[PDB]
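S.K.: build me a model from this:
(8 chains, ligands or ions: 57)
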Amino acid sequence: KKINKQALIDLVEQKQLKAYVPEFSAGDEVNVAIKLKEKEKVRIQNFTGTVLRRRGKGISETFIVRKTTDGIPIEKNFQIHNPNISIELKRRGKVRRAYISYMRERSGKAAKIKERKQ
Amino acid sequence: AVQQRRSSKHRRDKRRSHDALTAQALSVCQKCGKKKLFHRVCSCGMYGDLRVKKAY
Amino acid sequence: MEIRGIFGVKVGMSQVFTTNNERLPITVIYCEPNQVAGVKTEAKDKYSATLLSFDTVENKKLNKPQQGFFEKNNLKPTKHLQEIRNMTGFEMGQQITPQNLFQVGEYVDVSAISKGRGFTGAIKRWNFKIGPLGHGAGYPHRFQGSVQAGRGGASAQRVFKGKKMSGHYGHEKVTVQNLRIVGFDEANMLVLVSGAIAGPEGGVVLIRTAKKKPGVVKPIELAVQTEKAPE
Amino acid sequence: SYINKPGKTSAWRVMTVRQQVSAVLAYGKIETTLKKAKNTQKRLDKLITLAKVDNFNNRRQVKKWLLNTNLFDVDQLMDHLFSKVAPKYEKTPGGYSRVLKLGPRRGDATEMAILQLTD
Amino acid sequence: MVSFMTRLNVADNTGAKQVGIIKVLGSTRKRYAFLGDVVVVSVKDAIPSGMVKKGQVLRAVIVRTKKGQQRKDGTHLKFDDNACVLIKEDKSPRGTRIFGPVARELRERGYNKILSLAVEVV
RNA sequence: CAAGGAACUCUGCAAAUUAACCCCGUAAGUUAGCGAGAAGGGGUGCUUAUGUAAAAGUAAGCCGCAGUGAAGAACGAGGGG
RNA sequence: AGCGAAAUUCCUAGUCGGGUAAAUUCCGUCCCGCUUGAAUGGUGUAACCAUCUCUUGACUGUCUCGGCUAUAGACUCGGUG
RNA sequence: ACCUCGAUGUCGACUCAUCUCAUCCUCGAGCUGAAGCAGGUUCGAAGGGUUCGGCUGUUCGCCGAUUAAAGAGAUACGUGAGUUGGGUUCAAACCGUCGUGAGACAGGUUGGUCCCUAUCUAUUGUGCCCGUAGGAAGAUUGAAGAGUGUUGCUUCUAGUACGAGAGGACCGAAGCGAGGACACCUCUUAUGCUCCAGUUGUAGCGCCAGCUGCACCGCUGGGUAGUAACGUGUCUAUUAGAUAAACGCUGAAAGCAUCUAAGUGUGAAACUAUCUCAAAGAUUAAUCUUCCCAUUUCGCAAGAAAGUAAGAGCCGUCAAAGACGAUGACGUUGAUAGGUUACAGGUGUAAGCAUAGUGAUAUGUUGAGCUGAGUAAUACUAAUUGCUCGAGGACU
Ligand SMILES: [K+]
Ligand SMILES: [Mg+2]
Ligand SMILES: [Mg+2]
Ligand SMILES: [Mg+2]
Ligand SMILES: [Mg+2]
Ligand SMILES: [Mg+2]
Ligand SMILES: [Mg+2]
Ligand SMILES: [Mg+2]
Ligand SMILES: [Mg+2]
Ligand SMILES: [Mg+2]
Ligand SMILES: [Mg+2]
Ligand SMILES: [Mg+2]
Ligand SMILES: [Mg+2]
Ligand SMILES: [Mg+2]
Ligand SMILES: [Mg+2]
Ligand SMILES: [Mg+2]
Ligand SMILES: [Mg+2]
Ligand SMILES: [Mg+2]
Ligand SMILES: [Mg+2]
Ligand SMILES: [Mg+2]
Ligand SMILES: [Mg+2]
Ligand SMILES: [Mg+2]
Ligand SMILES: [Mg+2]
Ligand SMILES: [Mg+2]
Ligand SMILES: [Mg+2]
Ligand SMILES: [Mg+2]
Ligand SMILES: [Mg+2]
Ligand SMILES: [Mg+2]
Ligand SMILES: [Mg+2]
Ligand SMILES: [Mg+2]
Ligand SMILES: [Mg+2]
Ligand SMILES: [Mg+2]
Ligand SMILES: [Mg+2]
Ligand SMILES: [Mg+2]
Ligand SMILES: [Mg+2]
Ligand SMILES: [Mg+2]
Ligand SMILES: [Mg+2]
Ligand SMILES: [Mg+2]
Ligand SMILES: [Mg+2]
Ligand SMILES: [Mg+2]
Ligand SMILES: [Mg+2]
Ligand SMILES: [Mg+2]
Ligand SMILES: [Mg+2]
Ligand SMILES: [Mg+2]
Ligand SMILES: [Mg+2]
Ligand SMILES: [Mg+2]
Ligand SMILES: [Mg+2]
Ligand SMILES: [Mg+2]
Ligand SMILES: [Mg+2]
Ligand SMILES: [Mg+2]
Ligand SMILES: [Mg+2]
Ligand SMILES: [Mg+2]
Ligand SMILES: [Mg+2]
Ligand SMILES: [Mg+2]
Ligand SMILES: [Mg+2]
Ligand SMILES: [Mg+2]
Ligand SMILES: [Zn+2]
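M.R.: Numbers count the residues shown, from 1 in each chain, chains lettered A, B, ... in the order given. Ligands and ions are numbered 1, 2, ... in the order given. The structure is reproduced below:
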C-alpha cells in the first residue's frame, strides 16, 4: 500500500498535457496566439514578444512573455499546457541566466538579445 | 510583581511534588556483567559483540 | 439526512483546465476501497450511523483486541476505524468506493485535521493588530491587546472566560464545504476534488455529502487538447 | 541585552564539521557530543563516497573540506584518504561510519558519542 | 493595486500629467483598486491647453497596473505603470483618444467607449 | 520584503537616498569675503597599443544584470521666528 | 518714528488673498495695539546654527499590513545560586 | 466631604474590546397633509455592522470625498505591574501684564528621566496523579457549551403598477463585488545563513590554474523543501418550531359591535434548532464491541507464600507533532533516521583539454557540472539478546 505521491500527481497532469510542447530558453522570441472567445467564433490574437522565464514541471509549466506597444512595456504570464493557447518559437537567443529580470529595467537598443544558443 | 502574602510550608511541598527524580533504565553487559545504562557503551568499550574503545 | 461518506488520504494538489475556459486548482485524494464494519440502527440503538474500516494493514501490525474483533466480524484487518452519522443503506461487509457514492460533479464537503503550527501568538492566531513600531515604542511590540474589563469593586475585575490570547494552533479538525468533485480514476482509485483540502500531504481525509447543497450537482467537464505533433 | 556572544553561526557550524571530519579521517575515532557526531556523519559519508574514483576533480572537491591535523597534513591526509581509507569502502552501499553513545560528562551531563570508521 | 493617495499617470489627451487618488470608490474600507475599478481623483500636474485645471476633483477609471492581476484561465496581466483615464457620469471618456494599451477587464464593466477609442486591447 | 510612498505620528522621530576620485556646469541675495561640494549631470572593470620618470589621459577590443563590483566616505530646495 | 492678531491679541479657529480635494499650524495684508514702541533699545540685515516653525523633490516597512530568515536570550538538561 | 495624603498615577492617542437601548443601517408593522419614487412620526427589535483624511495635544469641532450606516452612553470620563508623553504640572529662558521688590498669572512660547524577573486569583494552552469498583484496547450517544450571523451594485420582472406628465414600483429570480472568517500552496509574489552562478579586496594551499578563511550570509542575480499573503478555494445560505409589534377568522360577557374570555391562525436579522468545533472528572462519572484473567498449598477470604495474561511504561530511531511533557510511526518478524542508488525541482553549459586571438576572451566536448530539507527504492550504519508495572471483580 506504498503511495508514490509524485507518480499519482503526474498521472493527473498527464490526463491533460499536450503532445508537442515546443521548447524555448529564457531569452527567446515566441508568438503566442490567444484563442479569445466572444459570444461566437474565436479571434486569434497574437502576443508576439520576448520570453523571460519558463518555470514549472507539468500542467503547472508557465512562461513569461514581454511586449512593448506604443512605448509601454507589458509582461504577461502564460501557462504552457493551457488549451486555446498556441506557442510558436520564432527566434532563439543567447542569455547567461534562467530568469532575465534585467529586461524589465533595460530598454531600447540595450534590450536586444543576440541570436544563437547552446 | 512580588507575593503580597507569604507562601506557607505546604504550598511549597505541593509544588515540589512534581520535582521527583526517575530511575534511569539499566542493563547488564554481556561480557563482564557490570550494570550500564541502556543503549550505551559499557566501561570495557564492548557494545554487543563489537569492541568500541580500549578497556578503561 | 441521506449522508454519504468515504475516507481517503490526501496526496497533493494540482490543477486542471476545463471547458468554459477556467483553470481549476484541484486536490488529489487516494481513496482505498472502504469496508463497512458495522451498521447501527435507529430502533435498536436510538440513532443511525455506519462505521467503516479503511487503511488496511497486515495482521502483525494490529493489537490483539482489534484483530479479535476483525476476525469475529469476518473483516479485512485495518488499523483505522471511524463512523459517519446518518449513513444508511449499506450491507455489512461490503466494499464501498467513492464512484458508487458521489457523482461526477456533485457538491461535497471535506473534513481533515489542520496542519500543526504549535504555540502561536495572539496576532498569528486571532488576526490581531501589531502595535506601532516607530515614533517611540516599548518592550511589548507584538502585544495581544489589553484584557481590562473593569478595574474596581463595581466592575468585573477579571479576565473574561474565552479570551483571545496565545496558545496552541493547528492539529485540529476543520471542514470546508461546497467542494465540487472533478474526476474519478478507477484504476488508480483516485478522486479529484476542487479547491484546497486542509491537512498535510498523506493525512486522513473524510469526504461527505454537503449539508448546504445536498442534491446539487454542478456540471464540470475537462478540455481536450487540440494540439498536433510537429508538421 | 547586548554585547552578546557571536554564537553558533552557520560559518562556525561548517568549520566545526570540517575539523571533526578531518580528525576522524586522520585518526579513525572521535569522542564528541552526540548531536555533533550525528551531523559530522553526513559529511564523512559524502566525502568517502566521492573519493572512490580518485580523479583530480575529486581531489579539488575534497580539499574544500579537509583541514590540517597533527598526524597528517592537508596533502598527506589526501593520500591517506584516496589510497588507504576510501579503497577499503569500494563496494559498501553506504554506512561507512558508526556513532555510538557513551555516558554523560561529569561537568555537563551531555551525551557523548564515539564516531568511528565501520570496517 | 492602486490604493489611497497614489500618484498615477493619465493615458488620455486631457491636460493632466499626474493624478492623485482620493477614494477607492465602491464600498466601505475598499482597500485596493484593481483593473476596471472606478476612483475619485484630483488633478495635480496639468497643462495650460487642457480641459481640466489643477486642483479639480474628478472621477477616473484605472486601465493599467504595475502589480497586475490574474485572469481565470491563469494568465497574469502585468503592465509597467499605473494609468487611469478620466470618465464622465455616463461612463464616457472625457478625452478624445486613449494612449497606450488598456486591459480587457474594462469590457466586463461596460466601458465600451474606452475600448473602441483605445489603440489595442490586451 | 511584492503594489502604493508619509496615507503613520504631536513632529519624516527613527529608518531610507547621496557618499571616494576625475571631467562639465552652477542661480537669488550680499557687508563683495561669501552663498557653493550650490542646484543639476557624466565616467570608473579587464586586455592591447600610444602616452610618461611614474602617471593621468587617449584609441581599439572583451565580459557581466551590475565595474570607488566588498569596507569607509555630504540627501536637497523654498519661506519665516 | 518704526513695527503690529507678534515668543506680545482676551474676544479670536479676527477679515481677505496664497499654499491643499479639504489647512485652530504656515506665508502676505488689513488695525478698537483690552495691555507694541524706541539703549530692561526700535526696525532691517549677507554668512552661521546637533535652535524653533511651515511647504516640497528623491527616498524608504513610519504606514495600508503584516510576513520570512539568522544569531543571543527566553524554553529543556547538568553545576553554582 | 463618607473611603483613600505610612501614595487610588491624572488628558489625549494606540491595541483589545465588553455591556445597555433612549435604534444610525439592515429586519417587521400602525398612521400620514402616504398617487409612484423618496420621505415624516410612532411601535417591536441589540444578531451583525457602524470609513478614510486636512487643521488642532486634543475630546470636541469645521471642512473634503465615500458608505446601507458613519448611533447615544457605561465600564476608576475601561485599558501606563500593556505602549506613547504631544498636553497639563518640577528645575532653564523670553514676551505681554501685575508688583518698589524677591516673584506671580485656567496668559503665550522653546526645551525637559514614564521603574518592577508574576506568589495567589482570573484567563489562553499543555501535562502528571487518582477516580469512574477486574484490567486493557477501540467506537460512540450528548447533559452543560463555544464560534459565525454584515451588506451593496447591475440585469430581468418592467418602463409593467401608479402618474396629465416628469418620473417610477412592492413581490420574486439571476449575475458580480466590499468587509470579516476558515484552510491551502497548483498559479502570482515575499522570505528561504551548510543550494547554484557571477564577482571585489586581502591572507593562505610553495607558483599558474582551481579552491578555502574574513569583509552585513562580503556584494549582486536567481532559488528546493518549509513558512505566509499581495495569491486561490470555501463560508457569510436555507428551513422548521414558539413568538414581540401588528393583522386576523369564529364568537359572547354587553341579543348590536368586538382579534379573546374557550377554540383556531398569520407574524422580525431577536429566541430554540438546522451550520462548524469541543465535550462522560456529566463524581448525576453514560452506552456498545473486542481481548486477557479464571492455579498449587497454608487458612482466612475483595486473607497470605509462591503463580498465572491482554496491555502499558522505561530506553532507542524519529516528525503528519512539538517550549517541556504529550500526539503519531517504527525498534531486526524493520524502511523510523542517516548513508547509497535513481529521479524530480533549482542554478545555468562545470574542471580539464583542443582550436582562434598578441592578450582579455570566444567556440566544441556540454542542457554540462553542482545541489540543504523534496520523491521512491535499498538493512550498509544507528533503532541490542534489556528492565519494570500490570488480572480473578464485595455483596444486595
Ligand atoms: K490622598
Ligand atoms: Mg514538610
Ligand atoms: Mg517543580
Ligand atoms: Mg526604557
Ligand atoms: Mg524596540
Ligand atoms: Mg459589591
Ligand atoms: Mg465585582
Ligand atoms: Mg562570515
Ligand atoms: Mg515595499
Ligand atoms: Mg515603488
Ligand atoms: Mg498626517
Ligand atoms: Mg491620523
Ligand atoms: Mg534623521
Ligand atoms: Mg542655499
Ligand atoms: Mg516679519
Ligand atoms: Mg504708531
Ligand atoms: Mg506697517
Ligand atoms: Mg505664528
Ligand atoms: Mg486662509
Ligand atoms: Mg506647535
Ligand atoms: Mg503673518
Ligand atoms: Mg518692552
Ligand atoms: Mg528704555
Ligand atoms: Mg523686527
Ligand atoms: Mg545650536
Ligand atoms: Mg546558547
Ligand atoms: Mg538550571
Ligand atoms: Mg461632618
Ligand atoms: Mg474609595
Ligand atoms: Mg500601604
Ligand atoms: Mg502602590
Ligand atoms: Mg501603578
Ligand atoms: Mg425599544
Ligand atoms: Mg439565530
Ligand atoms: Mg501635510
Ligand atoms: Mg463620570
Ligand atoms: Mg480613563
Ligand atoms: Mg469612552
Ligand atoms: Mg467630573
Ligand atoms: Mg492597568
Ligand atoms: Mg495608559
Ligand atoms: Mg513601562
Ligand atoms: Mg496597576
Ligand atoms: Mg512634553
Ligand atoms: Mg520628549
Ligand atoms: Mg523658572
Ligand atoms: Mg514695573
Ligand atoms: Mg460544565
Ligand atoms: Mg509550487
Ligand atoms: Mg591565482
Ligand atoms: Mg422564520
Ligand atoms: Mg367579528
Ligand atoms: Mg409560526
Ligand atoms: Mg462520595
Ligand atoms: Mg528518509
Ligand atoms: Mg568547461
Ligand atoms: Zn562490559
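S.K.: so what's residue E:66 closest to, chain neighbours aside?
M.R.: Leaving aside its chain neighbours, residue E:66 sits nearest to residue E:82 (5.6 Å; criterion: Cβ to Cβ, 6 or more residues apart in numbering or on different chains). In short, each C-beta sits where N, CA and C put it, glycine included.
S.K.: for that neighbour, grab the count of nearby residues.
M.R.: A count of nearby residues for residue E:82, using other Cβ atoms under 10 Å in any protein chain shown, gives 20.
S.K.: and the residue in chain B that chain E sits nearest to, how far is that from chain A?
M.R.: The nearest approach of chain B to chain E comes at residue B:1, 40.1 Å away (Cβ to the nearest Cβ). Residue B:1 sits 52 Å away from chain A, going by Cβ to the nearest Cβ, to the nearest Å.
S.K.: pretty sure the residue nearest to residue E:66 contacts residue E:11?
M.R.: No - using Cβ atoms under 8 Å, residue E:82 makes no contact with residue E:11, being 10.1 Å away.
S.K.: any shared contact partners between the two?
M.R.: Common neighbours of residue E:82 and residue E:11, counting by Cβ atoms under 8 Å, 6 or more residues apart in numbering or on different chains, are residue E:64.
S.K.: what ranges does the chain have for its helices?
M.R.: No chain specified, so I'll use chain A. Taking DSSP state H, the helices of chain A run over residues A:5-14.
S.K.: let me rephrase: I mean chain D.
M.R.: According to DSSP H, the helices that chain D contains are D:10-26, D:34-50, D:56-62, D:76-80.
S.K.: ok, now chain B?
M.R.: Counting by DSSP H, the helices of chain B are B:9-16.
S.K.: before we move on, back to that, list the contacts of the residue of chain B closest to chain E.
M.R.: Residue B:1 sits in contact with no residue, where contact means Cβ under 8 Å, 6+ apart.
S.K.: if I look at residue D:106, how far off is residue B:41?
M.R.: In this view, residue D:106 and residue B:41 are 16 Å apart by Cβ to Cβ, to the nearest Å.
S.K.: between the two, who's got more neighbours?
M.R.: residue B:41 (21 against 6).
S.K.: partner residues bridging the residue nearest to the more buried one when sequence neighbours are not counted?
M.R.: Spatially, and ignoring its direct neighbours in sequence, residue B:41 is nearest to residue B:47 (4.6 Å; Cβ to Cβ, 6+ apart). Bridge pairing for residue B:47 (DSSP bridges) gives the partners residue B:50.
S.K.: so what's the residue count around residue B:47?
M.R.: Neighbours of residue B:47 under the rule other Cβ under 10 Å: 22.
S.K.: residues contacting it?
M.R.: By Cβ under 8 Å, 6+ apart, the neighbours of residue B:47 are B:40-41, D:100.
S.K.: and those near RNA strand H, which?
M.R.: B:40, D:100 (Cβ under 7 Å from any atom of the strand).
S.K.: just the contacts of residue B:47 now: which is nearest residue D:111?
M.R.: Distance ranking of these against residue D:111, using Cβ to Cβ, places residue B:40 first at 8.2 Å.
S.K.: the residue nearest to the closest one when sequence neighbours are not counted: what's it in contact with?
M.R.: Closest residue in space to residue B:40, ignoring its immediate chain neighbours: residue D:101 at 4.8 Å, by Cβ to Cβ, 6+ apart. Residue D:101 makes contacts with B:39-41, D:34, D:111-113, as judged by Cβ under 8 Å, 6+ apart.
S.K.: give me the phi and psi for the residue located most distally from the centre of chain E.
M.R.: Distance to the chain centre peaks in chain E at residue E:73, reaching 24.0 Å (criterion: Cα atoms, centre = their mean). Main-chain dihedrals, residue E:73, degrees, to the nearest 10: phi -60, psi -20.
S.K.: pretty sure it is touching residue A:77, no?
M.R.: No - using Cβ under 8 Å, residue E:73 is not in contact with residue A:77; the gap is 10.9 Å.
S.K.: can you show me the helices along chain E?
M.R.: Counting by DSSP H, one finds helices in chain E at the ranges E:105-108, E:112-116.
S.K.: so what does the longest one touch, helix or strand wise?
M.R.: Helix E:112-116 is packed against helix E:105-108, with contacts defined by 3 or more Cβ pairs under 8 Å, 6 or more residues apart in numbering or on different chains; DSSP states H and E.
S.K.: try 10 Å
M.R.: Secondary-structure packing of helix E:112-116 (3 or more Cβ pairs under 10 Å, 6 or more residues apart in numbering or on different chains; DSSP states H and E): strand E:57-64, helix E:105-108.
S.K.: sheet partners, orientation included, of the helix or strand hosting residue C:111?
M.R.: Residue C:111 is part of strand C:107-113, with elements assigned from DSSP states H and E. Applying DSSP bridges to the sheet, strand C:107-113 is found paired with strand C:173-185 (antiparallel), strand C:204-209 (antiparallel).
S.K.: next to RNA strand G, which bits of chain D? Give me the list.
M.R.: D:1, D:4-10, D:107-110.
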